[PDB]
Amino acid sequence: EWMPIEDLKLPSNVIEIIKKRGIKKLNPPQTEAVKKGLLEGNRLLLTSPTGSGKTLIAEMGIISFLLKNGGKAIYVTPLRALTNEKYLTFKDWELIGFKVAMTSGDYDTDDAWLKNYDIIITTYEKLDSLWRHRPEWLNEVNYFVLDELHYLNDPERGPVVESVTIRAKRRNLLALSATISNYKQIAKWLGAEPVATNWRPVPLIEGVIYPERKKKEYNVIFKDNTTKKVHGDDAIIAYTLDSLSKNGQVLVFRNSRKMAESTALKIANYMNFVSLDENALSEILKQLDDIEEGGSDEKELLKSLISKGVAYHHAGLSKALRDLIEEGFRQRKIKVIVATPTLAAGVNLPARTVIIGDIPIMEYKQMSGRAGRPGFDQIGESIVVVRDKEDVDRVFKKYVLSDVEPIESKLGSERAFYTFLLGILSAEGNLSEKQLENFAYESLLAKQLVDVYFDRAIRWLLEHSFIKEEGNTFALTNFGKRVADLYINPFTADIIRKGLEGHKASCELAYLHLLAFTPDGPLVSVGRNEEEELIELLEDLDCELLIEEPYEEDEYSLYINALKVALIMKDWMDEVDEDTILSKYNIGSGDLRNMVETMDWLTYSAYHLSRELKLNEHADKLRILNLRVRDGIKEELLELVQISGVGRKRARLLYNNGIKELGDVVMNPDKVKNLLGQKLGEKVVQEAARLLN
């Protein structure tokens, strides 16, 4: 059914704020949610496809709860790009006097300023981090929206999703998810009423393409036994050009970055007959060239493609580059994107046709569900590429006709479980064995598996002195509590402490290496010849490393991996041009920025662990390392970048013009406005003085 929004049991200006968005009526699942007492605050597990308007369901849940009860509400979602989306939507509610905020990116804080906000948008790790800190304002959050709850199944994020969910269960919650096959089992664990739907704003047809005798001919078989023939160089290109001739947009999923790039260039070649908005594209090309936060070769490659209506998309690309591609496609100017599977998990972005090139079942569902533009297409189509007719049946049975893999807890590991118990102790304070165990059973993990990991974890945390016994009770050590607050894995913290206590102050490469080696450290791909050069380098290093060379092969690869990361970070710090760094190490602009962000967090955390462990020489090296990694600057620039609005670029400009110190800024305010501009120049001189004061 489709409920009119004027029938909604809410105040009038609330209904109006919904209606200003060009909505006359609720969707079927939104209507369904209301019928099941969304507005009364019943605990619901709502599952549905991508563009089903679940954001409005969350908004209605939160606003209704806040209106009927005191306090605060939280919306939590896995990806920062999804938090930023939701934040902009929720800001509409500042009209009825609700104050909306996003939690900060820092883990080592309680975000106490949130006491003045009513609606709070966060990610799972940040919320998990917040509970460990026990801030007053969190006691006032009585209603939680848990979005993308199917992330319980994710090996990396799942255990964090569970920790948050567990604490939410003690209050009020709304859970929203992609399809969950064991949704009854999950709802029961959640104590929610399940509300599973299949509805889509746009019908979908699922197909499978395959080759036959004549080499440029392909047969497409659909779910309803529809049959279609297409012609072309390969299955991808043949179906792509078929879809573009009916005013379509096509999304092609490849498994690797290079494959998405080469597949995109291959399609570009055939874009002869497709109508393209050339005036709008020369504009996007203009915007592309002036992006400074991205690589030149990336820009060069994308330019070649976007002038032909095509682009690739992967995580190798910087954020600014991914945003322009996404937005170009959102406006239907870019006709084809070839992506790795990651796009399928990101913000809303549908096409007319989805082509899956490299065929787990969930990834299929998430890719295929992007087929169909809600206000534009009458029908969407996804097709899976197969290599022979005698494989069409296995695809349909496994991907098309079957449900997703059940959700099962990912807490069943030593990493996840040591972290889980450390968090519980930080959040709850001192606990008996029995009390702590009782919390661990709140987990979605089968009891039999909980029991396997629980005592395993207790003794490890005792041996490595994260916890201590005081009689009937367990308590975090001073170190254990600092680690919990920094939000680094206990295994990471253990490696760092071992490294710092085992060796004297070393060089910056060595600290970077140690931190990269940790479970929380970055991983980078390493070439085969490159690995050999790195092994040779280890034989030539004057600097001592803070970790012994591993004897086990898998551990040794990690050791070498950490050295590549260390070397990248060091070039970054030494202000080597980005493009030089990207080519030298065969990494993307997006890879460099991810790595920097992680190493900033890890160097920051190491500094504080070092201060906790009273290792002052190490701590002084780690403090400078952090400030160097953070801005990618030589030590000479540290004083300058302190100024709000002076980054590395404006600091570099200043330093080379003889302005080396904050006092140089204060005393040459004419030459500051000459270099930075009047208005920004003015503020920069203000900050320099108050900093010195």
# chains A, B, ... in the order shown; residues from 1 in each chain; ligands from 1
$ residues_around --residues "residue 282 (chain A)" --least-positions-apart "3" --cutoff "12 Å" --atoms "only C-alpha atoms" --output "MDAnalysis selection string"
chainID A and resid 276:279 285:289 303:309 328 333:334
$ write_last_selection --atoms "N, CA, C and O atoms" --output "PDB file, in the first residue's frame"
ATOM      1  N   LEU A 276      25.993  11.666 -27.011  1.00  0.00           N
ATOM      2  CA  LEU A 276      26.649  12.174 -25.805  1.00  0.00           C
ATOM      3  C   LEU A 276      26.452  13.680 -25.643  1.00  0.00           C
ATOM      4  O   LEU A 276      26.530  14.435 -26.615  1.00  0.00           O
ATOM      5  N   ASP A 277      26.194  14.097 -24.404  1.00  0.00           N
ATOM      6  CA  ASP A 277      26.064  15.508 -24.058  1.00  0.00           C
ATOM      7  C   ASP A 277      27.467  16.129 -24.025  1.00  0.00           C
ATOM      8  O   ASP A 277      28.113  16.177 -22.977  1.00  0.00           O
ATOM      9  N   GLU A 278      27.933  16.589 -25.185  1.00  0.00           N
ATOM     10  CA  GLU A 278      29.330  17.014 -25.344  1.00  0.00           C
ATOM     11  C   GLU A 278      29.677  18.304 -24.570  1.00  0.00           C
ATOM     12  O   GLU A 278      30.824  18.467 -24.061  1.00  0.00           O
ATOM     13  N   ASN A 279      28.686  19.214 -24.505  1.00  0.00           N
ATOM     14  CA  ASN A 279      28.863  20.487 -23.772  1.00  0.00           C
ATOM     15  C   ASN A 279      29.024  20.264 -22.247  1.00  0.00           C
ATOM     16  O   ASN A 279      29.886  20.858 -21.554  1.00  0.00           O
ATOM     17  N   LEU A 285      35.294  17.434 -17.850  1.00  0.00           N
ATOM     18  CA  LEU A 285      36.713  17.388 -18.202  1.00  0.00           C
ATOM     19  C   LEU A 285      37.494  18.588 -17.672  1.00  0.00           C
ATOM     20  O   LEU A 285      38.643  18.447 -17.223  1.00  0.00           O
ATOM     21  N   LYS A 286      36.862  19.761 -17.736  1.00  0.00           N
ATOM     22  CA  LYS A 286      37.417  20.976 -17.137  1.00  0.00           C
ATOM     23  C   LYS A 286      37.622  20.791 -15.630  1.00  0.00           C
ATOM     24  O   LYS A 286      38.697  21.089 -15.110  1.00  0.00           O
ATOM     25  N   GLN A 287      36.601  20.266 -14.949  1.00  0.00           N
ATOM     26  CA  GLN A 287      36.636  20.053 -13.498  1.00  0.00           C
ATOM     27  C   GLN A 287      37.647  18.970 -13.102  1.00  0.00           C
ATOM     28  O   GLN A 287      38.276  19.042 -12.041  1.00  0.00           O
ATOM     29  N   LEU A 288      37.773  17.963 -13.961  1.00  0.00           N
ATOM     30  CA  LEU A 288      38.714  16.877 -13.776  1.00  0.00           C
ATOM     31  C   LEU A 288      40.150  17.387 -13.733  1.00  0.00           C
ATOM     32  O   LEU A 288      40.904  17.064 -12.812  1.00  0.00           O
ATOM     33  N   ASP A 289      40.514  18.192 -14.726  1.00  0.00           N
ATOM     34  CA  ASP A 289      41.874  18.683 -14.862  1.00  0.00           C
ATOM     35  C   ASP A 289      42.323  19.548 -13.687  1.00  0.00           C
ATOM     36  O   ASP A 289      43.508  19.556 -13.349  1.00  0.00           O
ATOM     37  N   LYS A 303      40.363  11.344 -18.375  1.00  0.00           N
ATOM     38  CA  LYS A 303      40.104  12.322 -19.434  1.00  0.00           C
ATOM     39  C   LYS A 303      39.855  11.622 -20.768  1.00  0.00           C
ATOM     40  O   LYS A 303      38.875  11.907 -21.466  1.00  0.00           O
ATOM     41  N   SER A 304      40.756  10.711 -21.115  1.00  0.00           N
ATOM     42  CA  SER A 304      40.632   9.901 -22.316  1.00  0.00           C
ATOM     43  C   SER A 304      39.271   9.195 -22.389  1.00  0.00           C
ATOM     44  O   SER A 304      38.686   9.063 -23.468  1.00  0.00           O
ATOM     45  N   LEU A 305      38.768   8.776 -21.231  1.00  0.00           N
ATOM     46  CA  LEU A 305      37.560   7.966 -21.136  1.00  0.00           C
ATOM     47  C   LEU A 305      36.301   8.815 -21.038  1.00  0.00           C
ATOM     48  O   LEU A 305      35.339   8.580 -21.773  1.00  0.00           O
ATOM     49  N   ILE A 306      36.318   9.808 -20.147  1.00  0.00           N
ATOM     50  CA  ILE A 306      35.165  10.683 -19.928  1.00  0.00           C
ATOM     51  C   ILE A 306      34.763  11.498 -21.175  1.00  0.00           C
ATOM     52  O   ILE A 306      33.573  11.726 -21.388  1.00  0.00           O
ATOM     53  N   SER A 307      35.724  11.889 -22.017  1.00  0.00           N
ATOM     54  CA  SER A 307      35.378  12.532 -23.303  1.00  0.00           C
ATOM     55  C   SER A 307      34.671  11.562 -24.250  1.00  0.00           C
ATOM     56  O   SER A 307      34.144  11.967 -25.272  1.00  0.00           O
ATOM     57  N   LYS A 308      34.649  10.283 -23.887  1.00  0.00           N
ATOM     58  CA  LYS A 308      33.989   9.252 -24.688  1.00  0.00           C
ATOM     59  C   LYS A 308      32.761   8.670 -23.945  1.00  0.00           C
ATOM     60  O   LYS A 308      32.132   7.721 -24.421  1.00  0.00           O
ATOM     61  N   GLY A 309      32.419   9.257 -22.797  1.00  0.00           N
ATOM     62  CA  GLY A 309      31.207   8.894 -22.048  1.00  0.00           C
ATOM     63  C   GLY A 309      31.418   7.764 -21.049  1.00  0.00           C
ATOM     64  O   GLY A 309      30.465   7.155 -20.570  1.00  0.00           O
ATOM     65  N   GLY A 328      29.063  12.746 -12.166  1.00  0.00           N
ATOM     66  CA  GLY A 328      28.913  12.821 -13.629  1.00  0.00           C
ATOM     67  C   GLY A 328      27.915  11.799 -14.147  1.00  0.00           C
ATOM     68  O   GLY A 328      27.133  12.080 -15.067  1.00  0.00           O
ATOM     69  N   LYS A 333      25.512  12.028 -17.548  1.00  0.00           N
ATOM     70  CA  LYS A 333      26.431  12.531 -18.568  1.00  0.00           C
ATOM     71  C   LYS A 333      27.459  11.453 -18.910  1.00  0.00           C
ATOM     72  O   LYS A 333      27.718  11.181 -20.079  1.00  0.00           O
ATOM     73  N   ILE A 334      28.029  10.824 -17.883  1.00  0.00           N
ATOM     74  CA  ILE A 334      28.846   9.641 -18.083  1.00  0.00           C
ATOM     75  C   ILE A 334      27.878   8.472 -18.291  1.00  0.00           C
ATOM     76  O   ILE A 334      26.952   8.286 -17.500  1.00  0.00           O
TER      77      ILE A 334
END
$ residues_around --residues "residue 2 (chain A)" --least-positions-apart "2" --cutoff "7 Å" --atoms "only C-alpha atoms" --output "mmCIF file with C-alpha atoms, in the first residue's frame"
data_model
loop_
_atom_site.group_PDB
_atom_site.id
_atom_site.type_symbol
_atom_site.label_atom_id
_atom_site.label_comp_id
_atom_site.auth_asym_id
_atom_site.auth_seq_id
_atom_site.Cartn_x
_atom_site.Cartn_y
_atom_site.Cartn_z
ATOM 1 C CA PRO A 4 -0.612 9.520 2.174
ATOM 2 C CA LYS A 25 2.904 9.283 -0.259
ATOM 3 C CA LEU A 26 4.895 6.607 1.535
ATOM 4 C CA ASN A 27 6.438 3.607 -0.256
ATOM 5 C CA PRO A 28 5.078 0.132 0.492
ATOM 6 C CA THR A 31 3.937 2.178 4.855
#
$ select_by_dssp --residues "region 189-437 of chain A" --states "helix (DSSP H, G or I)" --output "ChimeraX atom specification"
/A:189-190,235-244,257-268,278-289,296-306,319-330,342-345,361-368,389-400,414-428,433-437
$ closest_residue --among "A:559, A:131, A:364, A:210" --to "residue 422 (chain A)" --atoms "only C-alpha atoms"
A:131
$ residues_around --residues "region 384-391 of chain A" --least-positions-apart "2" --cutoff "12 Å" --atoms "only C-alpha atoms" --output "compact mmCIF listing (two decimals) with N, CA, C and O atoms, in the first residue's frame"
# COMPACT_ATOMS: atom_id res chain seq x y z
N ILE A 205 14.98 -7.52 -14.24
CA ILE A 205 15.13 -8.79 -14.94
C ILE A 205 16.58 -9.24 -14.85
O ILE A 205 17.50 -8.47 -15.15
N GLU A 206 16.78 -10.48 -14.42
CA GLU A 206 18.10 -11.05 -14.22
C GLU A 206 18.44 -11.98 -15.39
O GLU A 206 17.67 -12.88 -15.72
N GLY A 207 19.59 -11.74 -16.01
CA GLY A 207 20.01 -12.52 -17.17
C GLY A 207 21.43 -13.06 -17.12
O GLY A 207 22.25 -12.63 -16.29
N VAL A 208 21.71 -14.01 -18.02
CA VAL A 208 23.04 -14.61 -18.14
C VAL A 208 23.46 -14.68 -19.61
O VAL A 208 22.76 -15.27 -20.43
N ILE A 209 24.61 -14.09 -19.92
CA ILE A 209 25.12 -14.05 -21.28
C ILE A 209 26.24 -15.08 -21.49
O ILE A 209 27.07 -15.31 -20.61
N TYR A 210 26.25 -15.72 -22.66
CA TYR A 210 27.24 -16.75 -22.97
C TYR A 210 27.59 -16.79 -24.46
O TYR A 210 26.81 -16.30 -25.28
N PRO A 211 28.76 -17.36 -24.81
CA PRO A 211 29.14 -17.48 -26.22
C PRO A 211 28.63 -18.75 -26.91
O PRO A 211 28.42 -19.78 -26.25
N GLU A 212 28.44 -18.66 -28.22
CA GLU A 212 28.23 -19.85 -29.04
C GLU A 212 29.20 -19.84 -30.23
O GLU A 212 30.08 -18.99 -30.30
N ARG A 213 29.01 -20.80 -31.14
CA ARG A 213 29.91 -21.03 -32.28
C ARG A 213 30.47 -19.76 -32.94
O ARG A 213 31.67 -19.50 -32.84
N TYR A 218 26.54 -13.70 -29.17
CA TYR A 218 26.31 -14.09 -27.78
C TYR A 218 24.82 -14.30 -27.48
O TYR A 218 23.97 -13.55 -27.99
N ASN A 219 24.50 -15.31 -26.67
CA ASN A 219 23.12 -15.54 -26.26
C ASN A 219 22.87 -15.11 -24.82
O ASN A 219 23.57 -15.54 -23.89
N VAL A 220 21.88 -14.25 -24.65
CA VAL A 220 21.47 -13.80 -23.34
C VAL A 220 20.20 -14.54 -22.95
O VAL A 220 19.18 -14.47 -23.65
N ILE A 221 20.27 -15.25 -21.82
CA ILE A 221 19.13 -15.97 -21.27
C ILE A 221 18.67 -15.31 -19.97
O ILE A 221 19.47 -15.09 -19.07
N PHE A 222 17.38 -14.99 -19.90
CA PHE A 222 16.80 -14.34 -18.73
C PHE A 222 16.03 -15.30 -17.83
O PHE A 222 15.74 -16.44 -18.21
N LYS A 223 15.71 -14.81 -16.63
CA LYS A 223 15.08 -15.60 -15.58
C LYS A 223 13.72 -16.14 -16.01
O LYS A 223 13.40 -17.30 -15.73
N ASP A 234 33.31 -8.62 -27.38
CA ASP A 234 33.09 -9.55 -26.28
C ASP A 234 31.68 -9.40 -25.69
O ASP A 234 30.91 -8.55 -26.14
N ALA A 235 31.36 -10.23 -24.70
CA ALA A 235 30.06 -10.20 -24.05
C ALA A 235 29.77 -8.83 -23.43
O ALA A 235 28.68 -8.29 -23.62
N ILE A 236 30.75 -8.28 -22.71
CA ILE A 236 30.60 -6.97 -22.07
C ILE A 236 30.28 -5.88 -23.10
O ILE A 236 29.24 -5.23 -22.98
N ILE A 237 31.15 -5.70 -24.09
CA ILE A 237 30.97 -4.64 -25.09
C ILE A 237 29.68 -4.80 -25.89
O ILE A 237 28.99 -3.82 -26.16
N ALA A 238 29.36 -6.04 -26.26
CA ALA A 238 28.16 -6.34 -27.03
C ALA A 238 26.90 -5.90 -26.30
O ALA A 238 26.03 -5.25 -26.90
N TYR A 239 26.80 -6.22 -25.01
CA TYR A 239 25.60 -5.86 -24.27
C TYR A 239 25.57 -4.41 -23.84
O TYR A 239 24.50 -3.81 -23.72
N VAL A 252 29.42 -1.72 -15.25
CA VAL A 252 30.13 -2.98 -15.45
C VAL A 252 31.01 -3.27 -14.23
O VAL A 252 31.88 -2.45 -13.86
N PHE A 253 30.80 -4.43 -13.60
CA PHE A 253 31.65 -4.83 -12.49
C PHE A 253 32.74 -5.81 -12.91
O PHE A 253 32.44 -6.87 -13.47
N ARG A 254 33.99 -5.40 -12.70
CA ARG A 254 35.15 -6.26 -12.86
C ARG A 254 35.76 -6.51 -11.48
O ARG A 254 35.49 -5.76 -10.53
N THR A 353 21.48 -0.79 -16.91
CA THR A 353 22.04 -2.12 -17.07
C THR A 353 23.22 -2.28 -16.10
O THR A 353 24.07 -1.39 -15.97
N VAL A 354 23.24 -3.40 -15.39
CA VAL A 354 24.43 -3.86 -14.65
C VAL A 354 24.96 -5.10 -15.34
O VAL A 354 24.21 -6.04 -15.60
N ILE A 355 26.25 -5.08 -15.67
CA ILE A 355 26.93 -6.24 -16.25
C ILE A 355 28.00 -6.73 -15.26
O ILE A 355 28.91 -5.98 -14.89
N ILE A 356 27.86 -7.98 -14.83
CA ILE A 356 28.81 -8.58 -13.91
C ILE A 356 29.80 -9.47 -14.69
O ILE A 356 29.44 -10.50 -15.25
N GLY A 357 31.05 -9.03 -14.74
CA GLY A 357 32.04 -9.66 -15.61
C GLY A 357 32.90 -10.80 -15.08
O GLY A 357 33.43 -11.59 -15.88
N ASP A 358 33.04 -10.92 -13.76
CA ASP A 358 34.04 -11.86 -13.22
C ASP A 358 33.57 -12.89 -12.19
O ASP A 358 34.39 -13.35 -11.37
N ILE A 359 32.29 -13.29 -12.23
CA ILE A 359 31.77 -14.25 -11.23
C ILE A 359 32.71 -15.41 -10.92
O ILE A 359 32.87 -15.76 -9.76
N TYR A 364 26.61 -10.44 -5.44
CA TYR A 364 25.81 -10.52 -6.64
C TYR A 364 24.53 -9.68 -6.48
O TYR A 364 24.19 -8.90 -7.37
N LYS A 365 23.86 -9.84 -5.34
CA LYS A 365 22.60 -9.14 -5.08
C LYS A 365 22.81 -7.64 -5.03
O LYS A 365 21.99 -6.86 -5.55
N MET A 367 25.31 -5.92 -6.48
CA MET A 367 25.64 -5.43 -7.81
C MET A 367 24.38 -5.38 -8.69
O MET A 367 24.13 -4.38 -9.36
N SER A 368 23.59 -6.45 -8.66
CA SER A 368 22.43 -6.55 -9.54
C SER A 368 21.34 -5.55 -9.18
O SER A 368 20.67 -5.01 -10.04
N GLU A 381 18.02 -4.14 -15.83
CA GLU A 381 18.53 -5.46 -16.16
C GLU A 381 19.96 -5.69 -15.63
O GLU A 381 20.84 -4.84 -15.80
N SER A 382 20.17 -6.81 -14.96
CA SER A 382 21.52 -7.26 -14.67
C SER A 382 21.81 -8.54 -15.43
O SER A 382 20.94 -9.41 -15.54
N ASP A 393 23.28 -22.81 -16.12
CA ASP A 393 22.44 -23.40 -15.08
C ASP A 393 22.99 -23.21 -13.66
O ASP A 393 22.22 -22.96 -12.73
N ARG A 394 24.30 -23.35 -13.50
CA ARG A 394 24.94 -23.22 -12.19
C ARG A 394 24.89 -21.77 -11.68
O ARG A 394 24.80 -21.55 -10.48
N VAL A 395 24.93 -20.81 -12.60
CA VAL A 395 24.79 -19.39 -12.24
C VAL A 395 23.38 -19.07 -11.74
O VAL A 395 23.21 -18.50 -10.66
N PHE A 396 22.37 -19.45 -12.52
CA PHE A 396 20.99 -19.23 -12.14
C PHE A 396 20.68 -19.84 -10.77
O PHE A 396 20.15 -19.16 -9.89
N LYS A 397 21.04 -21.10 -10.59
CA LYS A 397 20.76 -21.81 -9.34
C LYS A 397 21.45 -21.16 -8.14
O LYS A 397 20.85 -21.01 -7.08
N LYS A 398 22.71 -20.76 -8.31
CA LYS A 398 23.52 -20.24 -7.21
C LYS A 398 23.27 -18.76 -6.92
O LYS A 398 23.18 -18.37 -5.76
N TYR A 399 23.16 -17.95 -7.96
CA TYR A 399 23.07 -16.51 -7.79
C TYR A 399 21.66 -15.96 -7.99
O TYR A 399 21.17 -15.19 -7.17
N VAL A 400 21.00 -16.38 -9.06
CA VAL A 400 19.71 -15.81 -9.44
C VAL A 400 18.54 -16.35 -8.60
O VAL A 400 17.74 -15.56 -8.09
$ residues_around --residues "residue 101 (chain A)" --least-positions-apart "6" --cutoff "8 Å" --atoms "only C-alpha atoms" --output "VMD selection string"
chain A and resid 87 114 117 to 121
$ write_last_selection --atoms "C-alpha atoms" --output "short mmCIF file (atom, residue, chain, number, x, y, z; two decimals), in the first residue's frame"
data_model
loop_
_atom_site.label_atom_id
_atom_site.label_comp_id
_atom_site.auth_asym_id
_atom_site.auth_seq_id
_atom_site.Cartn_x
_atom_site.Cartn_y
_atom_site.Cartn_z
CA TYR A 87 23.92 14.13 7.82
CA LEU A 114 27.62 16.46 21.77
CA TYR A 117 22.91 17.93 20.08
CA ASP A 118 19.78 15.81 19.66
CA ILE A 119 20.45 13.76 16.52
CA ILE A 120 23.87 12.25 16.09
CA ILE A 121 25.30 10.53 13.02
#
$ closest_residue --among "A:29, A:94, A:310, A:137" --to "residue 71 (chain A)" --atoms "only C-alpha atoms"
A:137
$ closest_residue --among "A:350, A:406, A:471, A:519" --to "residue 151 (chain A)" --atoms "only C-alpha atoms"
A:406
$ select_by_dssp --residues "region 352-477 of chain A" --states "strand (DSSP E)" --output "list in words"
residues 353, 354, 355, 356, 380, 381, 382, 383, 384, 385, 467, 468, 469, 474, 475 and 476 of chain A
$ residues_around --residues "residue 546 (chain A)" --least-positions-apart "5" --cutoff "9 Å" --atoms "only C-alpha atoms" --output "PyMOL selection string"
chain A and resi 496+498-500+502-504+506+510-511+513-514
$ atom_distance --atom1 "CA of residue 444 (chain A)" --atom2 "CA of residue 48 (chain A)"
21.7 Å
